[PDB]
Amino acid sequence: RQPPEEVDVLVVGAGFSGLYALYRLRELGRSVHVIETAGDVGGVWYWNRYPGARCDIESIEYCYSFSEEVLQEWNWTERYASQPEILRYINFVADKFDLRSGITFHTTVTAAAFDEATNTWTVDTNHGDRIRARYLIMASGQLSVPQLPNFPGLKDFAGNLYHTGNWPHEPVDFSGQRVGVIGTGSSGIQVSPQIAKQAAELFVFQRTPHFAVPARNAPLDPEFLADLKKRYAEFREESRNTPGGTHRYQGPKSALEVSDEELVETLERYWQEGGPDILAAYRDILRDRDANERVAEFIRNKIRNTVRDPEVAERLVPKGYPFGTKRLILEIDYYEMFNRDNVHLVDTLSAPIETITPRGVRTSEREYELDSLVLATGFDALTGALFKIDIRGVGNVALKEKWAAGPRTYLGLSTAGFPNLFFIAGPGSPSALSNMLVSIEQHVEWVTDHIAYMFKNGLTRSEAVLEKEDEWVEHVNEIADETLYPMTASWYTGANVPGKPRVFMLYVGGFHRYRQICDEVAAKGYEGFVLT
Ligand SMILES: Cc1cc2nc3c(=O)[nH]c(=O)nc-3n(C[C@H](O)[C@H](O)[C@H](O)COP(=O)(O)OP(=O)(O)OC[C@H]3O[C@@H](n4cnc5c(N)ncnc54)[C@H](O)[C@@H]3O)c2cc1C
Ligand SMILES: NC(=O)c1ccc[n+]([C@@H]2O[C@H](COP(=O)([O-])OP(=O)(O)OC[C@H]3O[C@@H](n4cnc5c(N)ncnc54)[C@H](OP(=O)(O)O)[C@@H]3O)[C@@H](O)[C@H]2O)c1
């Protein structure tokens with residue numbers, strides 16, 4: 001489009017979160033419009049088009065549930081949907097509900113300011129648009145600002161330079177190239193086996209080794225799909241009533257109580273079945289360091305037995321941090337890749353990168369000559385997208401400033417001093433610790449219900465109570481401190497961005513309990529919010 005001067009609700013972001021908000025707000029009888037930087041819908045599945053890109057949550061879980069028609073119609077094809085497929089899904093939903101007529105594309109919001117006189121937001125874009133809106137919904141993502149390390153050589157590299165979160169829209173040809181991949185999180189583990197098949201030589205620059213387990217992907221049986229469809233709302237209600245927003249089995253035992261022989265036998269069953277459910281095999285894997293370590297060691301042994309050169313294998317073995325505290329990764333022929341002659345593991349812990357050079361990468365041991373260099377170096381997560389926008393609350397406080405020692409929220413949904421502003425599936429909430437379609441739908445519903453409630457009662461200003469926000473922040477840190485999550489440098493704590501404050505940013509109590517807390521809050525008239 002071309003955006004309206006005035007609107008009840010402005011939404012930023014046209015991925016999963018913004019599309020649903022735009023959908024539900026129209027149903028609720030509210031004027032609403034979306035501004036999005038990308039050329040089209042999809043959010044992470046529009047930007048992340050690198051080869052091998054693929055979801056780690058089963059296709060049947062990772063999908064919308066607000067529309068029965070969508071659930072009956074869509075045909076998923078495999079256990080874990082590839083990126084192109086998930087993008088076809090999102091295009092399908094966008095077409096079905098005519099969503100694009102409410103979205104300005106190619107447009108980046110740059111500043112937003114709350115106006116105490118009118119109880120409204122004024123939102124500016126990089127095209128010179130100015131929009132006035134009663135409420136502001138930031139659906140701008142969790143993993144939406146690419147993080148490029150500030151390596152000394154970078155702007156001098158004479159080859160082709162890429163980042164997996166901003167991938168060309170036409171396939172890139174690596175045939176006969178020497179190619180370097182920096183980063184071995186889920187992006188790098190998924191991209192490298194694809195590049196390994198085209199490149200003359202592939203150098204995988206690893207820092208901390210991450211734990212990954214086999215995906216065991218497979219065709220989805222069309223019979224099973226037809227069968228699921230008969231009870232689809234029931235199946236999703238079951239997933240909503242869990243810590244993780246999926247059908248993972250919640251292992252009741254402690255990893256410490258079991259004999260060696262029972263532990264091997266349980267873990268081996270998880271490993272053969274494939275997928276991430278091993279994380280919840282015993283109740284204390286994320287709570288107790290001796291529990292965690294008996295599982296970790298099982299995993300490190302599978303890695304040693306997968307790679308034939310034991311020197312290379314040992315370099316791949318994760319050390320230094322508890323299993324499950326960086327995101328657990330699903331791999332498809334990633335370890336086996338290192339048995340190819342043309343694939344090299346460069347351990348940068350023992351040989352740190354000193355600089356990028358015109359021809360390649362220099363570590364303390366040698367220089368590597370490369371035609372292309374792929375950064376799988378992640379995202380300035382959870383706060384990176386909000387921080388790129390000049391957002392100003394009451395008394396002209398900048399959000400960037402209030403949150404400079406870490407995000408401060410009530411329920412993650414709002415921050416005090418910034419009335420009428422909501423963050424979708426961000427810091428202070430379950431967010432990426434659960435299936436994100438479950439986190440996102442529940443936030444979009446709770447916020448849009450809240451906005452409908454304000455118009456219904458002729459209220460115009462919603463603001464979190466400062467003391468409740470402070471209590472909520474404290475609570476989030478205290479329950480996080482009963483787990484091993486804060487022990488490790490991950491994007492969850494911000495420790496991947498130099499200078500970023502190190503605080504575990506997510507609610508760890510599980511989706512289900514959080515959902516309960518949010519319903520209790522709404523049921524009592526939005527206790528902990530002041531409305532006028
Ligand atoms: C490659 C990858 C794979 C994933 N795999 C899974 C999975 O297996 N499990 C899981 O549960 N989740 C996974 N995620 C997490 C993912 O973030 C969520 O599942 C979900 O897609 C987030 O949707 P969103 O709408 O909340 O944000 P996004 O998908 O990131 O959408 C936000 C949009 O806002 C736009 N935007 C940002 N700032 C501005 C601005 N200033 N002005 C205008 N527009 C702006 C962005 O361009 C983006 O399009 C994955 C993440 C990535 C990066
Ligand atoms: N399959 C999927 O469903 C999928 C795919 C991609 C992304 N995602 C989501 O998005 C998240 C991020 O994935 P990601 O792989 O893009 O990023 P990541 O998990 O943040 O990993 C970034 C990688 O780059 C390395 N790195 C960062 N800075 C570096 C530096 N200065 N020098 C050398 N190495 C550096 C990190 O090393 P260290 O660990 O040593 O810091 C790590 O190996 C995932 O955890 C998941 O939530 C999901």
# chains A, B, ... in the order shown; residues from 1 in each chain; ligands from 1
>>> select_by_dssp(residues="region 405-512 of chain A", states="helix (DSSP H, G or I)", output="ChimeraX atom specification")
/A:431-433,436-456,466-480,485-487,511-512
>>> residues_near_ligand(ligand="ligand 2", cutoff="7 Å", atoms="only C-alpha atoms and all ligand atoms", output="ChimeraX atom specification")
/A:53-57,143,149-151,182-188,190,206-210,327,329-330,376-379,432,489-491,496
>>> write_last_selection(atoms="C-alpha atoms", output="short mmCIF file (atom, residue, chain, number, x, y, z; two decimals), in the first residue's frame")
data_model
loop_
_atom_site.label_atom_id
_atom_site.label_comp_id
_atom_site.auth_asym_id
_atom_site.auth_seq_id
_atom_site.Cartn_x
_atom_site.Cartn_y
_atom_site.Cartn_z
CA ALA A 53 17.20 -23.69 6.00
CA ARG A 54 14.60 -25.76 7.86
CA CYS A 55 12.55 -25.64 11.12
CA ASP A 56 13.51 -27.67 14.16
CA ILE A 57 9.86 -28.02 15.38
CA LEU A 143 16.11 -12.98 15.72
CA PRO A 149 31.15 -9.90 14.30
CA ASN A 150 33.37 -6.71 14.12
CA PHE A 151 36.35 -8.61 12.65
CA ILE A 182 32.02 -18.78 10.32
CA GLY A 183 29.60 -19.92 12.97
CA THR A 184 28.36 -23.36 13.85
CA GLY A 185 25.01 -22.70 15.55
CA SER A 186 21.88 -24.00 13.83
CA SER A 187 22.47 -21.70 10.80
CA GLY A 188 26.01 -22.92 10.21
CA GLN A 190 22.34 -26.41 8.32
CA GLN A 206 34.14 -23.15 14.80
CA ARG A 207 34.38 -21.35 18.21
CA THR A 208 32.39 -23.01 20.98
CA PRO A 209 31.10 -26.40 19.70
CA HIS A 210 27.30 -26.53 20.08
CA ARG A 327 19.73 -23.79 21.93
CA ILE A 329 20.35 -28.02 17.39
CA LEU A 330 19.03 -30.67 14.94
CA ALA A 376 26.47 -17.79 10.25
CA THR A 377 27.19 -15.56 13.20
CA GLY A 378 23.58 -15.13 14.49
CA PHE A 379 21.47 -12.16 15.59
CA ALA A 432 11.80 -18.80 22.00
CA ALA A 489 27.25 -17.29 27.08
CA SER A 490 24.31 -17.57 24.67
CA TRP A 491 22.17 -15.20 22.59
CA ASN A 496 27.08 -12.94 21.87
#
>>> closest_atom_pairs(of="chain A", to="ligand 1", cutoff="6 Å", atoms="only C-alpha atoms and all ligand atoms", output="CSV")
residue,atom,partner,partner_atom_place_in_ligand_line,distance
A:12,CA,ligand 1,44 (N),5.3
A:13,CA,ligand 1,34 (O),3.3
A:14,CA,ligand 1,33 (C),5.2
A:15,CA,ligand 1,25 (O),3.7
A:16,CA,ligand 1,25 (O),4.0
A:17,CA,ligand 1,25 (O),3.7
A:18,CA,ligand 1,25 (O),5.7
A:35,CA,ligand 1,43 (C),5.2
A:36,CA,ligand 1,44 (N),3.6
A:37,CA,ligand 1,44 (N),4.2
A:38,CA,ligand 1,47 (O),5.3
A:43,CA,ligand 1,49 (O),3.2
A:44,CA,ligand 1,29 (O),3.8
A:48,CA,ligand 1,1 (C),5.2
A:55,CA,ligand 1,8 (O),3.9
A:56,CA,ligand 1,8 (O),3.7
A:57,CA,ligand 1,8 (O),4.6
A:107,CA,ligand 1,43 (C),5.8
A:108,CA,ligand 1,42 (N),3.5
A:109,CA,ligand 1,42 (N),3.7
A:110,CA,ligand 1,41 (N),5.8
A:139,CA,ligand 1,26 (O),5.5
A:140,CA,ligand 1,34 (O),3.6
A:141,CA,ligand 1,27 (O),3.2
A:142,CA,ligand 1,17 (O),5.2
A:143,CA,ligand 1,53 (C),5.1
A:144,CA,ligand 1,30 (O),4.5
A:385,CA,ligand 1,38 (N),5.1
A:389,CA,ligand 1,41 (N),5.8
A:432,CA,ligand 1,11 (O),5.8
A:434,CA,ligand 1,11 (O),6.0
A:435,CA,ligand 1,11 (O),3.8
A:436,CA,ligand 1,11 (O),3.7
>>> write_last_selection(atoms="N, CA, C and O atoms", output="tab-separated table (two decimals), in the first residue's frame")
chain	number	residue	atom	x	y	z
A	12	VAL	N	4.18	-3.35	13.67
A	12	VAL	CA	5.51	-3.29	12.98
A	12	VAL	C	5.94	-4.73	12.78
A	12	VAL	O	6.07	-5.46	13.77
A	13	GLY	N	6.11	-5.16	11.54
A	13	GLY	CA	6.44	-6.57	11.30
A	13	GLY	C	5.34	-7.33	10.59
A	13	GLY	O	4.20	-7.36	11.04
A	14	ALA	N	5.72	-7.97	9.50
A	14	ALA	CA	4.82	-8.86	8.75
A	14	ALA	C	5.28	-10.33	8.71
A	14	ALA	O	5.03	-11.01	7.73
A	15	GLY	N	5.92	-10.82	9.77
A	15	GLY	CA	6.05	-12.27	9.95
A	15	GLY	C	4.86	-12.86	10.68
A	15	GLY	O	3.77	-12.19	10.85
A	16	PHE	N	5.03	-14.08	11.18
A	16	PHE	CA	3.91	-14.74	11.93
A	16	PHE	C	3.13	-13.83	12.85
A	16	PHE	O	1.90	-13.86	12.80
A	17	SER	N	3.84	-13.03	13.69
A	17	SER	CA	3.20	-12.17	14.72
A	17	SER	C	2.34	-11.07	14.10
A	17	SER	O	1.15	-10.98	14.41
A	18	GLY	N	2.92	-10.24	13.25
A	18	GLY	CA	2.16	-9.16	12.66
A	18	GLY	C	0.98	-9.61	11.78
A	18	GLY	O	-0.09	-9.02	11.84
A	35	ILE	N	3.57	-2.03	8.95
A	35	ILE	CA	4.72	-1.50	8.25
A	35	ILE	C	5.77	-2.57	8.39
A	35	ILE	O	6.03	-3.04	9.51
A	36	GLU	N	6.43	-2.90	7.28
A	36	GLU	CA	7.40	-3.96	7.26
A	36	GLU	C	8.51	-3.59	6.30
A	36	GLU	O	8.23	-3.09	5.20
A	37	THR	N	9.76	-3.87	6.70
A	37	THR	CA	10.95	-3.56	5.89
A	37	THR	C	11.10	-4.43	4.63
A	37	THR	O	11.48	-3.94	3.58
A	38	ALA	N	10.80	-5.71	4.76
A	38	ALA	CA	10.91	-6.66	3.66
A	38	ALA	C	9.99	-6.28	2.50
A	38	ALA	O	9.00	-5.52	2.70
A	43	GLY	N	8.64	-12.63	7.50
A	43	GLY	CA	9.60	-12.38	8.57
A	43	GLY	C	10.79	-13.30	8.49
A	43	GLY	O	11.50	-13.27	7.51
A	44	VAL	N	11.05	-14.12	9.50
A	44	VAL	CA	12.30	-14.87	9.39
A	44	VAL	C	12.32	-15.78	8.18
A	44	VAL	O	13.40	-16.14	7.72
A	48	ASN	N	15.56	-15.64	5.76
A	48	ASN	CA	16.57	-16.69	5.96
A	48	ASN	C	16.54	-17.77	4.88
A	48	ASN	O	16.09	-18.91	5.15
A	55	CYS	N	13.03	-25.76	9.74
A	55	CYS	CA	12.55	-25.64	11.12
A	55	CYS	C	12.95	-26.84	11.94
A	55	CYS	O	13.10	-27.97	11.40
A	56	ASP	N	13.15	-26.61	13.23
A	56	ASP	CA	13.51	-27.67	14.16
A	56	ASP	C	12.29	-28.17	14.97
A	56	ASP	O	12.42	-29.10	15.77
A	57	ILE	N	11.13	-27.57	14.78
A	57	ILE	CA	9.86	-28.02	15.38
A	57	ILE	C	9.03	-28.69	14.26
A	57	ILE	O	8.89	-28.14	13.16
A	107	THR	N	9.53	-0.63	3.87
A	107	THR	CA	9.42	0.55	4.70
A	107	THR	C	9.90	0.22	6.12
A	107	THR	O	9.46	-0.76	6.73
A	108	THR	N	10.84	0.99	6.65
A	108	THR	CA	11.44	0.68	7.95
A	108	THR	C	11.00	1.80	8.92
A	108	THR	O	11.22	3.00	8.64
A	109	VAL	N	10.36	1.43	10.02
A	109	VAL	CA	10.04	2.37	11.07
A	109	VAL	C	11.37	2.79	11.72
A	109	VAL	O	12.22	1.94	12.03
A	110	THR	N	11.53	4.10	11.95
A	110	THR	CA	12.77	4.71	12.47
A	110	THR	C	12.62	5.34	13.87
A	110	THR	O	13.59	5.41	14.63
A	139	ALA	N	5.78	-6.16	16.58
A	139	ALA	CA	5.86	-7.55	16.12
A	139	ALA	C	7.12	-7.71	15.31
A	139	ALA	O	7.13	-8.39	14.29
A	140	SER	N	8.22	-7.11	15.78
A	140	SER	CA	9.43	-6.96	14.95
A	140	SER	C	10.44	-8.00	15.23
A	140	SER	O	11.63	-7.85	14.83
A	141	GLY	N	10.04	-9.07	15.92
A	141	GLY	CA	10.86	-10.28	15.91
A	141	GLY	C	11.80	-10.49	17.05
A	141	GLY	O	11.94	-9.60	17.90
A	142	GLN	N	12.45	-11.68	17.09
A	142	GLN	CA	13.39	-11.98	18.14
A	142	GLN	C	14.79	-12.12	17.57
A	142	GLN	O	15.79	-11.97	18.28
A	143	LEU	N	14.86	-12.53	16.31
A	143	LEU	CA	16.11	-12.98	15.72
A	143	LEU	C	16.06	-12.34	14.37
A	143	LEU	O	16.08	-13.03	13.38
A	144	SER	N	15.87	-11.03	14.36
A	144	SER	CA	15.57	-10.29	13.16
A	144	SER	C	16.65	-9.25	12.78
A	144	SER	O	16.57	-8.68	11.73
A	385	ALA	N	16.09	-5.50	17.39
A	385	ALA	CA	15.19	-4.79	16.49
A	385	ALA	C	14.53	-3.55	17.10
A	385	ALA	O	14.36	-2.55	16.41
A	389	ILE	N	15.19	1.33	16.63
A	389	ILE	CA	14.10	2.32	16.47
A	389	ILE	C	14.18	3.33	17.61
A	389	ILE	O	14.29	2.94	18.79
A	432	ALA	N	11.15	-17.63	22.64
A	432	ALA	CA	11.80	-18.80	22.00
A	432	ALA	C	12.02	-20.05	22.86
A	432	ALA	O	12.48	-21.08	22.38
A	434	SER	N	9.67	-21.75	23.93
A	434	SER	CA	8.67	-22.67	23.48
A	434	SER	C	8.46	-22.58	21.96
A	434	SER	O	9.00	-21.66	21.29
A	435	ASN	N	7.84	-23.61	21.40
A	435	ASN	CA	7.30	-23.53	20.08
A	435	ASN	C	6.79	-22.12	19.82
A	435	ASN	O	5.83	-21.68	20.47
A	436	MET	N	7.41	-21.38	18.90
A	436	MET	CA	6.95	-19.98	18.80
A	436	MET	C	5.60	-19.69	18.23
A	436	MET	O	5.08	-18.57	18.45
>>> atom_distance(atom1="CA of residue 396 (chain A)", atom2="CA of residue 104 (chain A)")
27.5 Å
>>> select_by_dssp(residues="region 47-136 of chain A", states="strand (DSSP E)", output="JSON, numbers by chain")
{"A": [103, 104, 109, 110, 111, 112, 113, 114, 115, 120, 121, 122, 123, 124, 125, 130, 131, 132, 133, 134, 135, 136]}
>>> residues_around(residues="residue 510 (chain A)", least_positions_apart="5", cutoff="9 Å", atoms="only C-alpha atoms", output="JSON, numbers by chain")
{"A": [242, 243, 244, 245, 430, 433, 434, 515]}
>>> atom_distance(atom1="CA of residue 268 (chain A)", atom2="CA of residue 298 (chain A)")
8.8 Å
>>> residues_around(residues="residue 393 (chain A)", least_positions_apart="6", cutoff="6 Å", atoms="only C-alpha atoms", output="list in words")
residues 114, 417 and 418 of chain A
>>> write_last_selection(atoms="N, CA, C and O atoms", output="short mmCIF file (atom, residue, chain, number, x, y, z; two decimals), in the first residue's frame")
data_model
loop_
_atom_site.label_atom_id
_atom_site.label_comp_id
_atom_site.auth_asym_id
_atom_site.auth_seq_id
_atom_site.Cartn_x
_atom_site.Cartn_y
_atom_site.Cartn_z
N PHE A 114 5.57 8.55 22.21
CA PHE A 114 4.30 8.69 22.89
C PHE A 114 3.93 10.15 23.27
O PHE A 114 4.76 10.88 23.82
N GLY A 417 6.05 3.38 32.10
CA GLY A 417 6.50 4.60 31.43
C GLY A 417 6.25 4.64 29.91
O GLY A 417 6.39 5.67 29.31
N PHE A 418 5.88 3.51 29.29
CA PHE A 418 5.54 3.46 27.83
C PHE A 418 4.09 2.93 27.64
O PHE A 418 3.87 1.75 27.32
#
>>> residues_around(residues="residue 160 (chain A)", least_positions_apart="6", cutoff="9 Å", atoms="only C-alpha atoms", output="PyMOL selection string")
chain A and resi 371-374
>>> residues_around(residues="residue 302 (chain A)", least_positions_apart="4", cutoff="12 Å", atoms="only C-alpha atoms", output="PyMOL selection string")
chain A and resi 211-214+264+267-268+271-272+295-298+306-308+313-314+316-318+335-336
>>> closest_residue(among="A:157, A:52, A:117, A:92", to="residue 171 (chain A)", atoms="only C-alpha atoms")
A:52
>>> closest_residue(among="A:348, A:241, A:301, A:292", to="residue 254 (chain A)", atoms="only C-alpha atoms")
A:292
>>> closest_residue(among="A:9, A:286, A:161, A:382", to="residue 120 (chain A)", atoms="only C-alpha atoms")
A:9
>>> closest_residue(among="A:112, A:133, A:41, A:145", to="residue 88 (chain A)", atoms="only C-alpha atoms")
A:41
>>> closest_atom_pairs(of="region 54-166 of chain A", to="region 23-27 of chain A", cutoff="10 Å", atoms="only C-alpha atoms", output="JSON lines")
{"residue": "A:66", "atom": "CA", "partner": "A:24", "partner_atom": "CA", "distance": 9.2}
{"residue": "A:94", "atom": "CA", "partner": "A:23", "partner_atom": "CA", "distance": 9.2}
{"residue": "A:97", "atom": "CA", "partner": "A:23", "partner_atom": "CA", "distance": 7.3}
{"residue": "A:98", "atom": "CA", "partner": "A:23", "partner_atom": "CA", "distance": 9.1}
{"residue": "A:99", "atom": "CA", "partner": "A:23", "partner_atom": "CA", "distance": 7.0}
{"residue": "A:102", "atom": "CA", "partner": "A:23", "partner_atom": "CA", "distance": 9.3}
>>> atom_distance(atom1="CA of residue 288 (chain A)", atom2="CA of residue 486 (chain A)")
12.8 Å
>>> residues_around(residues="residue 351 (chain A)", least_positions_apart="2", cutoff="6 Å", atoms="only C-alpha atoms", output="ChimeraX atom specification")
/A:348-349,363-364
>>> closest_residue(among="A:49, A:61, A:131, A:220", to="residue 6 (chain A)", atoms="only C-alpha atoms")
A:131
